[PDB]
Amino acid sequence: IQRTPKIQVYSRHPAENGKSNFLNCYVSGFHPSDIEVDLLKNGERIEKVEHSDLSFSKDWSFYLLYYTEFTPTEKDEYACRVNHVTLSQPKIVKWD
Amino acid sequence: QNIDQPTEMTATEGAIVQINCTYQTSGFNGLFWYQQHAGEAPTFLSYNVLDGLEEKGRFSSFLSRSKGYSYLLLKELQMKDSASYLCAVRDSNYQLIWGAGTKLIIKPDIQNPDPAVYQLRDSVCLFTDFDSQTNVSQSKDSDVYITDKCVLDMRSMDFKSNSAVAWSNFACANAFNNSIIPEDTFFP
Amino acid sequence: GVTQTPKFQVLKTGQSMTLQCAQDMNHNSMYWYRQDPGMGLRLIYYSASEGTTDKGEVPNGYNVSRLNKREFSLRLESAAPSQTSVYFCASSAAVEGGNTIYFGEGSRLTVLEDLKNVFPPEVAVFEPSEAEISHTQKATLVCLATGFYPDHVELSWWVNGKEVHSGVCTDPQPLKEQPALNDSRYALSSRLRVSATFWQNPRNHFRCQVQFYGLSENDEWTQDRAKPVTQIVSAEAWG
Amino acid sequence: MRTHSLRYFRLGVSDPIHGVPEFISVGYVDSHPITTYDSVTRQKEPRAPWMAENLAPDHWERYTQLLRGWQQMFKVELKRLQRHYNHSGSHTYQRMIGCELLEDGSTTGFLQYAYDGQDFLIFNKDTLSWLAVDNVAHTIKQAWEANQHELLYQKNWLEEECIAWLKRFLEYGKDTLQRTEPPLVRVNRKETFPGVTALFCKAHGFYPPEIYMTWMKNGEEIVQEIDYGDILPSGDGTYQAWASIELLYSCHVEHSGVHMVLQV
Ligand SMILES: *[C@@H](C)/C=N/c1c(NC[C@H](O)[C@H](O)[C@H](O)CO)[nH]c(=O)[nH]c1=O
């Protein structure tokens with residue numbers, strides 16, 4: 001039994017265009033442990049991305065937090081690209 | 001930090017002895033009792049981690065975690081029980097801290113004492129058949145050699161006896177003058 | 001269980017030495033301890049699994065090698081007299097409770113400034129007193145092992161070629177023949193008590209055997225006397 | 001104080017892919033990772049500055065040795081499980097040990113294993129036994145239960161040692177663990193699909209993560225569905241969550257002994 005990751009993309013503070021913030025990507029509920037997470041700005045990988053070490057849940061699944069400092073704007077599309085064994089191709093999850 | 005157990009204990013054969021061990025450690029992961037016969041390796045007797053008494057034959061091991069204390073109880077004491085008993089504790093970091101050990105001396109039950117000093121031949125003096133209350137003192141002269149008391153067991157005869165040996169380059173009549181020898185001591 | 005070698009060793013100050021230890025209990029944890037009078041076992045070095053070793057309480061003057069999962073060697077790079085001790089190798093499956101520690105047989109090491117005082121014992125047998133046989137109907141033979149150095153002896157009694165334990169008493173510690181001297185030599189005594197009729201029978205052979213652990217064939221010897229090698233010294237008696 | 005917990009996890013992976021450790025062991029105090037070890041670093045390291053500041057090098061050095069032993073033991077145990085199951089390839093083995101110090105002073109303890117992320121063995125410290133989920137787990141259970149010394153040792157570690165470690169770590173990290181950062185709560189009203197209004201009750205900037213949010217219609221609990229948002233880490237040591245309904249409505253928030261009402 002392999003469990004696919006839940007991917008949640010959200011800002012640190014309530015978002016306002018033009019005001020400095022942090023975009024988070026919380027990847028959780030996955031099993032096995034091998035995962036690839038990338039933060040994207042207009043489909044392009046963000047280089048300056050801070051992350052937590054692999055974390056352990058009591059249900060035996062794993063979780064991670066990937067974040068980056070960002071200033072939201074109307075034009076910019078931010079996303080979280082995740083790949084896991086349960087996925088045929090990487091899953092791109094867009095920020096709401 | 002600390003494991004404390006008495007240096008020595010002397011009890012009589014057929015009796016009971018309780019060897020105490022108090023520990024003052026940073027954390028507790030169990031207490032061990034090992035037996036070590038003179039010139040031999042230590043061997044496991046017991047392991048205690050929860051409170052209460054474990055009875056393994058004539059031997060019993062008790063633990064009280066709140067009191068930071070354990071005891072090894074030996075019942076129906078036998079001459080073969082003369083050994084060193086080692087107390088050891090695993091602390092919070094699993095470090096096995098060993099106590100200095102307790103030497104257990106068993107006094108034979110001397111049924112019919114017959115104190116006597118005998119002269120042997122190839123010279124040596126034999127002080128034998130005395131009761132267990134008699135103590136043999138070390139030599140004053142550097143050219144005179146006196147051993148401590150030793151217990152032998154003639155198993156086939158259900159007989160046990162104490163003895164001390166003395167020799168020099170001197171007579172058997174004056175050989176044990178520094179020891180308090182019984183009034184009834186036979187001198188051939 | 002835990003096999004360690006050698007049982008005894010005499011070393012000259014500055015000599016290197018290796019003590020070997022092997023366990024076939026598929027144990028992870030392995031330990032090297034030293035046992036000294038007045039104190040509890042002191043951990044020199046330990047190895048939590050194959051591929052790892054760490055210092056214990058007293059690591060100075062020693063090193064170790066966890067060669068594989070079975071073997072844990074202890075090395076003395078430059079033997080010093082303070083390293084005169086009884087060394088124990090031990091093993092356990094793990095550190096947690098539920099895993100008993102198993103010990104090797106022990107290794108007694110004597111480190112000397114020079115080997116010029118190493119001496120094997122002089123063994124003598126003393127026949128039972130006729131007054132004892134009349135008074136008690138029992139006969140005590142006494143054995144003396146005198147002038148040996150260091151204190152590396154094992155005394156045994158053999159009645160008619162078979163080792164005996166019943167009616168035997170050997171001193172637990174030897175006696176210093178020269179108490180004031182640092183390098184005093186030793187004397188050890190043992191008694192073997194039999195029935196008078198057993199001792200009165202001619203054909204009954206009593207042998208006091210003293211195994212001395214001294215120098216090996218590899219040690220240099222430059223003294224005029226005989227090399228004080230590991231040997232068996234004995235004295236015999238008949239009815 | 002509030003309820004606090006100490007836990008250590010172990011993960012063993014047979015036949016790992018390139019760049020994935022064969023063994024990882026991580027410690028946590030509540031939601032905070034405190035210690036880390038893997039088969040690559042081969043060292044126990046702090047995961048909190050308050051752990052680094054309070055435990056001398058000898059602690060890290062000693063436990064690095066023990067973890068190197070535990071690492072080897074975990075590998076051997078996964079190989080034995082794979083042989084029992086007759087499984088080839090990459091399989092995982094997991095362990096979670098820990099305890100909780102409840103607000104009332106009472107305590108809980110747990111010790112459990114998983115194979116391929118599914119429950120395998122559950123230790124019952126009250127009966128001193130192992131609960132086996134299948135026939136392979138039963139073979140292990142029979143072997144492990146024959147070691148009485150280990151069962152007893154475990155109960156003492158769970159009940160005594162763990163609680164003492166938890167209390168020690170709580171003191172070290174008190175400025176982090178025992179603090180309160182109250183939530184900032186808002187209500188957002190919107191007409192979604194024509195005629196359907198969604199009311200969202202959003203909270204952020206709070207610590208500890210434990211927060212209760214609900215919706216009430218005239219002082220009485222809702223009889224309709226409430227959608228709950230997960231308590232998510234904001235990334236600054238604080239948390240965010242939400243609760244929403246569709247349609248007199250009020251949002252109720254409880255956090256660290258403080259109750260809040262947002263009437264719509
Ligand atoms: C540093 C203290 C890391 N410890 C550690 C432990 N410690 C808990 C306990 O002593 C151990 O789990 C025993 O096996 C219980 O019987 N456990 C762990 O899994 N990982 C660690 O990093």
# chains A, B, ... in the order shown; residues from 1 in each chain; ligands from 1

$ select_by_dssp --residues "region 45-150 of chain B" --states "strand (DSSP E or B)" --output "ChimeraX atom specification"
/B:45-48,52-56,59-64,69-74,83-90,96-98,102-107,116-119,121,124-128,144-146,150

$ interface_residues --of "chain D" --to "chain C" --cutoff "9 Å" --atoms "only C-alpha atoms" --output "VMD selection string"
chain D and resid 61 to 62 65 to 70 72 to 73 147 to 154

$ write_last_selection --atoms "N, CA and C atoms" --output "PDB file, in the first residue's frame"
ATOM      1  N   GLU D  61      27.821  12.290  21.261  1.00  0.00           N
ATOM      2  CA  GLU D  61      28.850  11.279  21.011  1.00  0.00           C
ATOM      3  C   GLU D  61      28.429   9.885  21.463  1.00  0.00           C
ATOM      4  N   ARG D  62      27.730   9.795  22.613  1.00  0.00           N
ATOM      5  CA  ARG D  62      27.296   8.522  23.159  1.00  0.00           C
ATOM      6  C   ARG D  62      26.177   7.941  22.331  1.00  0.00           C
ATOM      7  N   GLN D  65      26.986   6.522  18.925  1.00  0.00           N
ATOM      8  CA  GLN D  65      27.449   5.130  19.053  1.00  0.00           C
ATOM      9  C   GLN D  65      26.278   4.168  19.132  1.00  0.00           C
ATOM     10  N   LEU D  66      25.311   4.462  20.012  1.00  0.00           N
ATOM     11  CA  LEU D  66      24.107   3.635  20.169  1.00  0.00           C
ATOM     12  C   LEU D  66      23.306   3.529  18.884  1.00  0.00           C
ATOM     13  N   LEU D  67      23.160   4.647  18.136  1.00  0.00           N
ATOM     14  CA  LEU D  67      22.434   4.720  16.850  1.00  0.00           C
ATOM     15  C   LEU D  67      23.076   3.942  15.743  1.00  0.00           C
ATOM     16  N   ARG D  68      24.417   3.856  15.744  1.00  0.00           N
ATOM     17  CA  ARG D  68      25.180   3.029  14.814  1.00  0.00           C
ATOM     18  C   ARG D  68      24.871   1.554  15.061  1.00  0.00           C
ATOM     19  N   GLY D  69      24.656   1.180  16.326  1.00  0.00           N
ATOM     20  CA  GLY D  69      24.219  -0.152  16.724  1.00  0.00           C
ATOM     21  C   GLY D  69      22.769  -0.390  16.329  1.00  0.00           C
ATOM     22  N   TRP D  70      21.860   0.571  16.649  1.00  0.00           N
ATOM     23  CA  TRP D  70      20.439   0.494  16.339  1.00  0.00           C
ATOM     24  C   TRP D  70      20.200   0.391  14.853  1.00  0.00           C
ATOM     25  N   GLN D  72      22.279  -0.972  12.475  1.00  0.00           N
ATOM     26  CA  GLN D  72      22.597  -2.356  12.112  1.00  0.00           C
ATOM     27  C   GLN D  72      21.509  -3.339  12.480  1.00  0.00           C
ATOM     28  N   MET D  73      20.919  -3.169  13.659  1.00  0.00           N
ATOM     29  CA  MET D  73      19.856  -4.000  14.192  1.00  0.00           C
ATOM     30  C   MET D  73      18.591  -3.859  13.381  1.00  0.00           C
ATOM     31  N   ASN D 147      11.271 -12.945  25.958  1.00  0.00           N
ATOM     32  CA  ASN D 147      12.245 -12.126  26.669  1.00  0.00           C
ATOM     33  C   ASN D 147      11.524 -11.261  27.710  1.00  0.00           C
ATOM     34  N   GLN D 148      11.342 -11.820  28.910  1.00  0.00           N
ATOM     35  CA  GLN D 148      10.658 -11.164  30.021  1.00  0.00           C
ATOM     36  C   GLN D 148      11.355  -9.903  30.498  1.00  0.00           C
ATOM     37  N   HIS D 149      12.698  -9.957  30.609  1.00  0.00           N
ATOM     38  CA  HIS D 149      13.569  -8.847  30.948  1.00  0.00           C
ATOM     39  C   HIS D 149      13.335  -7.662  30.015  1.00  0.00           C
ATOM     40  N   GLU D 150      13.226  -7.904  28.691  1.00  0.00           N
ATOM     41  CA  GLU D 150      12.968  -6.864  27.699  1.00  0.00           C
ATOM     42  C   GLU D 150      11.585  -6.244  27.854  1.00  0.00           C
ATOM     43  N   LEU D 151      10.549  -7.051  28.144  1.00  0.00           N
ATOM     44  CA  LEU D 151       9.177  -6.541  28.312  1.00  0.00           C
ATOM     45  C   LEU D 151       9.122  -5.553  29.477  1.00  0.00           C
ATOM     46  N   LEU D 152       9.687  -5.955  30.610  1.00  0.00           N
ATOM     47  CA  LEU D 152       9.783  -5.186  31.867  1.00  0.00           C
ATOM     48  C   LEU D 152      10.622  -3.905  31.684  1.00  0.00           C
ATOM     49  N   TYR D 153      11.783  -4.038  30.998  1.00  0.00           N
ATOM     50  CA  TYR D 153      12.687  -2.936  30.725  1.00  0.00           C
ATOM     51  C   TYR D 153      11.922  -1.871  29.960  1.00  0.00           C
ATOM     52  N   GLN D 154      11.159  -2.316  28.967  1.00  0.00           N
ATOM     53  CA  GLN D 154      10.405  -1.451  28.081  1.00  0.00           C
ATOM     54  C   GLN D 154       9.358  -0.645  28.807  1.00  0.00           C
TER      55      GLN D 154
END

$ residues_near_ligand --ligand "ligand 1" --cutoff "10 Å" --atoms "only C-alpha atoms and all ligand atoms" --output "count of residues only"
57

$ select_by_dssp --residues "region 42-175 of chain B" --states "alpha helix (DSSP H)" --output "JSON list (two decimals) with C-alpha atoms, in the first residue's frame"
[["chain", "number", "residue", "atom", "x", "y", "z"],
["B", 172, "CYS", "CA", 55.70, -25.31, 65.91],
["B", 173, "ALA", "CA", 55.22, -24.65, 69.66],
["B", 174, "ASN", "CA", 56.06, -20.92, 69.08],
["B", 175, "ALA", "CA", 54.95, -20.69, 65.38]]

$ interface_residues --of "chain B" --to "chain D" --cutoff "8 Å" --atoms "only C-alpha atoms" --output "PyMOL selection string"
chain B and resi 27-30+47-50+92-93

$ write_last_selection --atoms "N, CA, C and O atoms" --output "PDB file, in the first residue's frame"
ATOM      1  N   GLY B  27      19.249   8.681  35.775  1.00  0.00           N
ATOM      2  CA  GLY B  27      18.381   7.776  35.041  1.00  0.00           C
ATOM      3  C   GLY B  27      18.605   6.334  35.423  1.00  0.00           C
ATOM      4  O   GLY B  27      19.615   5.994  36.057  1.00  0.00           O
ATOM      5  N   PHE B  28      17.642   5.475  35.073  1.00  0.00           N
ATOM      6  CA  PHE B  28      17.716   4.061  35.414  1.00  0.00           C
ATOM      7  C   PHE B  28      17.157   3.154  34.321  1.00  0.00           C
ATOM      8  O   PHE B  28      15.987   3.276  33.941  1.00  0.00           O
ATOM      9  N   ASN B  29      17.968   2.202  33.856  1.00  0.00           N
ATOM     10  CA  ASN B  29      17.525   1.259  32.814  1.00  0.00           C
ATOM     11  C   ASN B  29      17.702  -0.203  33.210  1.00  0.00           C
ATOM     12  O   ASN B  29      17.749  -1.070  32.344  1.00  0.00           O
ATOM     13  N   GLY B  30      17.773  -0.464  34.515  1.00  0.00           N
ATOM     14  CA  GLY B  30      17.927  -1.806  35.056  1.00  0.00           C
ATOM     15  C   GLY B  30      19.191  -2.032  35.850  1.00  0.00           C
ATOM     16  O   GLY B  30      20.221  -1.385  35.638  1.00  0.00           O
ATOM     17  N   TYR B  47      18.686  -9.748  36.604  1.00  0.00           N
ATOM     18  CA  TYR B  47      18.402  -8.426  36.044  1.00  0.00           C
ATOM     19  C   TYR B  47      17.057  -7.988  36.574  1.00  0.00           C
ATOM     20  O   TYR B  47      16.072  -8.724  36.452  1.00  0.00           O
ATOM     21  N   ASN B  48      17.024  -6.806  37.205  1.00  0.00           N
ATOM     22  CA  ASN B  48      15.812  -6.208  37.788  1.00  0.00           C
ATOM     23  C   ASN B  48      15.660  -4.796  37.227  1.00  0.00           C
ATOM     24  O   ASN B  48      16.654  -4.075  37.089  1.00  0.00           O
ATOM     25  N   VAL B  49      14.430  -4.438  36.844  1.00  0.00           N
ATOM     26  CA  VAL B  49      14.117  -3.126  36.265  1.00  0.00           C
ATOM     27  C   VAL B  49      12.798  -2.569  36.843  1.00  0.00           C
ATOM     28  O   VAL B  49      12.669  -1.365  37.015  1.00  0.00           O
ATOM     29  N   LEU B  50      11.857  -3.449  37.193  1.00  0.00           N
ATOM     30  CA  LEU B  50      10.605  -3.080  37.866  1.00  0.00           C
ATOM     31  C   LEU B  50      10.738  -3.487  39.342  1.00  0.00           C
ATOM     32  O   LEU B  50      11.648  -4.232  39.696  1.00  0.00           O
ATOM     33  N   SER B  92      20.666   6.437  32.339  1.00  0.00           N
ATOM     34  CA  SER B  92      19.803   6.981  31.276  1.00  0.00           C
ATOM     35  C   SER B  92      20.420   6.895  29.863  1.00  0.00           C
ATOM     36  O   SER B  92      19.696   6.854  28.867  1.00  0.00           O
ATOM     37  N   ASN B  93      21.754   6.840  29.790  1.00  0.00           N
ATOM     38  CA  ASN B  93      22.509   6.751  28.548  1.00  0.00           C
ATOM     39  C   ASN B  93      23.028   5.361  28.250  1.00  0.00           C
ATOM     40  O   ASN B  93      23.845   5.186  27.348  1.00  0.00           O
TER      41      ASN B  93
END

$ interface_residues --of "chain C" --to "chain B" --cutoff "7 Å" --atoms "only C-alpha atoms" --output "PDB file with N, CA, C and O atoms, in the first residue's frame"
ATOM      1  N   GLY C  38      40.063  -3.175  44.816  1.00  0.00           N
ATOM      2  CA  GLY C  38      39.373  -2.065  45.451  1.00  0.00           C
ATOM      3  C   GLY C  38      38.358  -1.339  44.594  1.00  0.00           C
ATOM      4  O   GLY C  38      37.634  -0.477  45.102  1.00  0.00           O
ATOM      5  N   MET C  39      38.297  -1.654  43.293  1.00  0.00           N
ATOM      6  CA  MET C  39      37.363  -0.945  42.422  1.00  0.00           C
ATOM      7  C   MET C  39      36.587  -1.817  41.453  1.00  0.00           C
ATOM      8  O   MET C  39      36.991  -2.944  41.155  1.00  0.00           O
ATOM      9  N   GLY C  40      35.463  -1.279  40.986  1.00  0.00           N
ATOM     10  CA  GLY C  40      34.611  -1.928  40.001  1.00  0.00           C
ATOM     11  C   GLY C  40      35.282  -1.954  38.643  1.00  0.00           C
ATOM     12  O   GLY C  40      36.280  -1.260  38.440  1.00  0.00           O
ATOM     13  N   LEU C  41      34.769  -2.770  37.727  1.00  0.00           N
ATOM     14  CA  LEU C  41      35.293  -2.900  36.363  1.00  0.00           C
ATOM     15  C   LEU C  41      35.319  -1.526  35.712  1.00  0.00           C
ATOM     16  O   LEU C  41      34.381  -0.753  35.868  1.00  0.00           O
ATOM     17  N   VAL C  95      22.247  -2.734  24.098  1.00  0.00           N
ATOM     18  CA  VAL C  95      22.434  -2.002  25.355  1.00  0.00           C
ATOM     19  C   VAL C  95      21.204  -1.984  26.227  1.00  0.00           C
ATOM     20  O   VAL C  95      21.325  -1.847  27.441  1.00  0.00           O
ATOM     21  N   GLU C  96      20.017  -2.070  25.622  1.00  0.00           N
ATOM     22  CA  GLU C  96      18.763  -2.048  26.372  1.00  0.00           C
ATOM     23  C   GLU C  96      18.645  -3.258  27.286  1.00  0.00           C
ATOM     24  O   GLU C  96      19.399  -4.204  27.131  1.00  0.00           O
ATOM     25  N   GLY C  97      17.712  -3.203  28.233  1.00  0.00           N
ATOM     26  CA  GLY C  97      17.416  -4.314  29.113  1.00  0.00           C
ATOM     27  C   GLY C  97      16.866  -5.432  28.271  1.00  0.00           C
ATOM     28  O   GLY C  97      16.312  -5.191  27.199  1.00  0.00           O
ATOM     29  N   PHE C 103      30.927 -12.462  29.631  1.00  0.00           N
ATOM     30  CA  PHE C 103      32.352 -12.206  29.834  1.00  0.00           C
ATOM     31  C   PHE C 103      33.238 -13.298  29.325  1.00  0.00           C
ATOM     32  O   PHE C 103      32.851 -14.475  29.349  1.00  0.00           O
ATOM     33  N   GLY C 104      34.450 -12.887  28.925  1.00  0.00           N
ATOM     34  CA  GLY C 104      35.529 -13.770  28.538  1.00  0.00           C
ATOM     35  C   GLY C 104      36.114 -14.347  29.813  1.00  0.00           C
ATOM     36  O   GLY C 104      35.666 -13.999  30.908  1.00  0.00           O
ATOM     37  N   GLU C 105      37.120 -15.214  29.702  1.00  0.00           N
ATOM     38  CA  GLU C 105      37.705 -15.874  30.880  1.00  0.00           C
ATOM     39  C   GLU C 105      38.683 -15.002  31.684  1.00  0.00           C
ATOM     40  O   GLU C 105      39.014 -15.345  32.825  1.00  0.00           O
ATOM     41  N   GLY C 106      39.125 -13.895  31.099  1.00  0.00           N
ATOM     42  CA  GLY C 106      40.063 -12.973  31.727  1.00  0.00           C
ATOM     43  C   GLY C 106      41.465 -13.130  31.202  1.00  0.00           C
ATOM     44  O   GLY C 106      41.852 -14.229  30.781  1.00  0.00           O
ATOM     45  N   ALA C 124      57.395 -27.939  46.833  1.00  0.00           N
ATOM     46  CA  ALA C 124      57.723 -28.990  47.800  1.00  0.00           C
ATOM     47  C   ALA C 124      56.443 -29.581  48.408  1.00  0.00           C
ATOM     48  O   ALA C 124      55.447 -28.870  48.565  1.00  0.00           O
ATOM     49  N   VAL C 125      56.480 -30.876  48.755  1.00  0.00           N
ATOM     50  CA  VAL C 125      55.353 -31.596  49.359  1.00  0.00           C
ATOM     51  C   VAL C 125      55.729 -32.042  50.785  1.00  0.00           C
ATOM     52  O   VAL C 125      56.812 -32.575  50.993  1.00  0.00           O
ATOM     53  N   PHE C 126      54.845 -31.801  51.754  1.00  0.00           N
ATOM     54  CA  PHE C 126      55.065 -32.142  53.158  1.00  0.00           C
ATOM     55  C   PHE C 126      54.100 -33.218  53.587  1.00  0.00           C
ATOM     56  O   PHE C 126      52.893 -33.048  53.481  1.00  0.00           O
ATOM     57  N   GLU C 127      54.651 -34.371  53.958  1.00  0.00           N
ATOM     58  CA  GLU C 127      53.914 -35.571  54.338  1.00  0.00           C
ATOM     59  C   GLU C 127      53.146 -35.385  55.639  1.00  0.00           C
ATOM     60  O   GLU C 127      53.604 -34.638  56.514  1.00  0.00           O
ATOM     61  N   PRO C 128      51.978 -36.060  55.789  1.00  0.00           N
ATOM     62  CA  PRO C 128      51.188 -35.903  57.021  1.00  0.00           C
ATOM     63  C   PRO C 128      51.913 -36.293  58.312  1.00  0.00           C
ATOM     64  O   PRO C 128      52.726 -37.231  58.334  1.00  0.00           O
ATOM     65  N   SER C 129      51.607 -35.543  59.394  1.00  0.00           N
ATOM     66  CA  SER C 129      52.136 -35.755  60.743  1.00  0.00           C
ATOM     67  C   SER C 129      51.523 -37.046  61.288  1.00  0.00           C
ATOM     68  O   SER C 129      50.305 -37.238  61.177  1.00  0.00           O
ATOM     69  N   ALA C 131      51.231 -37.815  64.392  1.00  0.00           N
ATOM     70  CA  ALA C 131      50.422 -37.388  65.542  1.00  0.00           C
ATOM     71  C   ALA C 131      48.982 -37.049  65.110  1.00  0.00           C
ATOM     72  O   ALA C 131      48.045 -37.332  65.862  1.00  0.00           O
ATOM     73  N   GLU C 132      48.818 -36.485  63.884  1.00  0.00           N
ATOM     74  CA  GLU C 132      47.518 -36.151  63.303  1.00  0.00           C
ATOM     75  C   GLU C 132      46.752 -37.426  62.980  1.00  0.00           C
ATOM     76  O   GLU C 132      45.551 -37.492  63.247  1.00  0.00           O
ATOM     77  N   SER C 166      38.002 -32.356  46.173  1.00  0.00           N
ATOM     78  CA  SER C 166      37.522 -32.713  47.507  1.00  0.00           C
ATOM     79  C   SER C 166      38.706 -32.876  48.475  1.00  0.00           C
ATOM     80  O   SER C 166      39.693 -33.564  48.155  1.00  0.00           O
ATOM     81  N   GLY C 167      38.579 -32.214  49.632  1.00  0.00           N
ATOM     82  CA  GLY C 167      39.556 -32.206  50.708  1.00  0.00           C
ATOM     83  C   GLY C 167      40.774 -31.366  50.412  1.00  0.00           C
ATOM     84  O   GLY C 167      41.786 -31.524  51.092  1.00  0.00           O
ATOM     85  N   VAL C 168      40.673 -30.459  49.417  1.00  0.00           N
ATOM     86  CA  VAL C 168      41.746 -29.572  48.955  1.00  0.00           C
ATOM     87  C   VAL C 168      41.463 -28.133  49.377  1.00  0.00           C
ATOM     88  O   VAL C 168      40.333 -27.664  49.221  1.00  0.00           O
ATOM     89  N   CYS C 169      42.519 -27.426  49.846  1.00  0.00           N
ATOM     90  CA  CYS C 169      42.495 -26.004  50.146  1.00  0.00           C
ATOM     91  C   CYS C 169      43.738 -25.237  49.749  1.00  0.00           C
ATOM     92  O   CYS C 169      44.790 -25.394  50.367  1.00  0.00           O
ATOM     93  N   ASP C 171      45.435 -21.357  49.153  1.00  0.00           N
ATOM     94  CA  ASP C 171      45.338 -19.973  49.577  1.00  0.00           C
ATOM     95  C   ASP C 171      44.729 -19.128  48.439  1.00  0.00           C
ATOM     96  O   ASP C 171      45.100 -19.307  47.275  1.00  0.00           O
TER      97      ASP C 171
END

$ interface_residues --of "chain D" --to "chain A" --cutoff "10 Å" --atoms "only C-alpha atoms" --output "PyMOL selection string"
chain D and resi 7-11+13+16-21+24-28+31-33+36+47+90-96+112-119+202+204-205+230+232-236+238-240

$ atom_distance --atom1 "CA of residue 116 (chain C)" --atom2 "CA of residue 183 (chain C)"
10.8 Å

$ residues_around --residues "residue 147 (chain C)" --least-positions-apart "2" --cutoff "7 Å" --atoms "only C-alpha atoms" --output "compact mmCIF listing (two decimals) with N, CA, C and O atoms, in the first residue's frame"
# COMPACT_ATOMS: atom_id res chain seq x y z
N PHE C 119 60.82 -15.31 38.18
CA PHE C 119 61.26 -16.60 38.74
C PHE C 119 60.12 -17.62 38.78
O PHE C 119 59.01 -17.28 39.23
N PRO C 121 58.24 -21.12 40.43
CA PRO C 121 58.27 -21.51 41.84
C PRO C 121 59.11 -22.75 42.11
O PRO C 121 59.43 -23.52 41.21
N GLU C 122 59.47 -22.91 43.37
CA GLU C 122 60.16 -24.07 43.94
C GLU C 122 58.96 -24.78 44.62
O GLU C 122 58.28 -24.16 45.45
N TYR C 149 57.83 -15.28 40.78
CA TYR C 149 57.56 -13.91 40.37
C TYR C 149 57.36 -13.81 38.84
O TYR C 149 58.18 -14.34 38.09
N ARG C 185 58.86 -11.42 45.99
CA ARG C 185 58.52 -12.69 45.36
C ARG C 185 57.43 -13.34 46.21
O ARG C 185 57.13 -12.85 47.33
N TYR C 186 56.76 -14.36 45.67
CA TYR C 186 55.61 -14.96 46.32
C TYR C 186 55.76 -16.39 46.74
O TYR C 186 56.61 -17.13 46.22
N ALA C 187 54.93 -16.77 47.74
CA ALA C 187 54.80 -18.09 48.33
C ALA C 187 53.31 -18.37 48.42
O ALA C 187 52.54 -17.47 48.75

$ residues_around --residues "region 77-82 of chain B" --least-positions-apart "5" --cutoff "6 Å" --atoms "only C-alpha atoms" --output "VMD selection string"
chain B and resid 13 to 15 104 to 106

$ closest_residue --among "C:219, C:154, C:224, C:24" --to "residue 115 (chain C)" --atoms "only C-alpha atoms"
C:219

$ decode --residues "region 75-85 of chain A" --atoms "N, CA and C atoms" --output "PDB file, in the first residue's frame"
ATOM      1  N   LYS A  75      -0.172  39.294 -12.264  1.00  0.00           N
ATOM      2  CA  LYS A  75       0.459  38.601 -13.395  1.00  0.00           C
ATOM      3  C   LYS A  75       1.130  37.250 -13.069  1.00  0.00           C
ATOM      4  N   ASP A  76       1.759  37.123 -11.876  1.00  0.00           N
ATOM      5  CA  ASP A  76       2.515  35.931 -11.466  1.00  0.00           C
ATOM      6  C   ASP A  76       1.707  34.746 -10.958  1.00  0.00           C
ATOM      7  N   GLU A  77       1.987  33.578 -11.555  1.00  0.00           N
ATOM      8  CA  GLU A  77       1.370  32.307 -11.214  1.00  0.00           C
ATOM      9  C   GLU A  77       2.407  31.472 -10.454  1.00  0.00           C
ATOM     10  N   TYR A  78       2.139  31.216  -9.161  1.00  0.00           N
ATOM     11  CA  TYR A  78       3.015  30.437  -8.307  1.00  0.00           C
ATOM     12  C   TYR A  78       2.456  29.021  -8.173  1.00  0.00           C
ATOM     13  N   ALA A  79       3.334  28.023  -8.132  1.00  0.00           N
ATOM     14  CA  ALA A  79       2.914  26.624  -8.078  1.00  0.00           C
ATOM     15  C   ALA A  79       3.915  25.735  -7.327  1.00  0.00           C
ATOM     16  N   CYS A  80       3.467  24.531  -6.967  1.00  0.00           N
ATOM     17  CA  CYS A  80       4.287  23.525  -6.307  1.00  0.00           C
ATOM     18  C   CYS A  80       4.259  22.243  -7.147  1.00  0.00           C
ATOM     19  N   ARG A  81       5.430  21.825  -7.633  1.00  0.00           N
ATOM     20  CA  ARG A  81       5.577  20.634  -8.455  1.00  0.00           C
ATOM     21  C   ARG A  81       6.120  19.505  -7.604  1.00  0.00           C
ATOM     22  N   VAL A  82       5.361  18.429  -7.500  1.00  0.00           N
ATOM     23  CA  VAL A  82       5.722  17.287  -6.678  1.00  0.00           C
ATOM     24  C   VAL A  82       5.814  16.011  -7.536  1.00  0.00           C
ATOM     25  N   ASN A  83       6.816  15.140  -7.271  1.00  0.00           N
ATOM     26  CA  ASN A  83       6.884  13.823  -7.901  1.00  0.00           C
ATOM     27  C   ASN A  83       7.083  12.761  -6.833  1.00  0.00           C
ATOM     28  N   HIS A  84       6.381  11.648  -6.985  1.00  0.00           N
ATOM     29  CA  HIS A  84       6.419  10.539  -6.044  1.00  0.00           C
ATOM     30  C   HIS A  84       6.148   9.263  -6.865  1.00  0.00           C
ATOM     31  N   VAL A  85       6.449   8.057  -6.338  1.00  0.00           N
ATOM     32  CA  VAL A  85       6.228   6.764  -7.030  1.00  0.00           C
ATOM     33  C   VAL A  85       4.768   6.523  -7.505  1.00  0.00           C
TER      34      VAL A  85
END
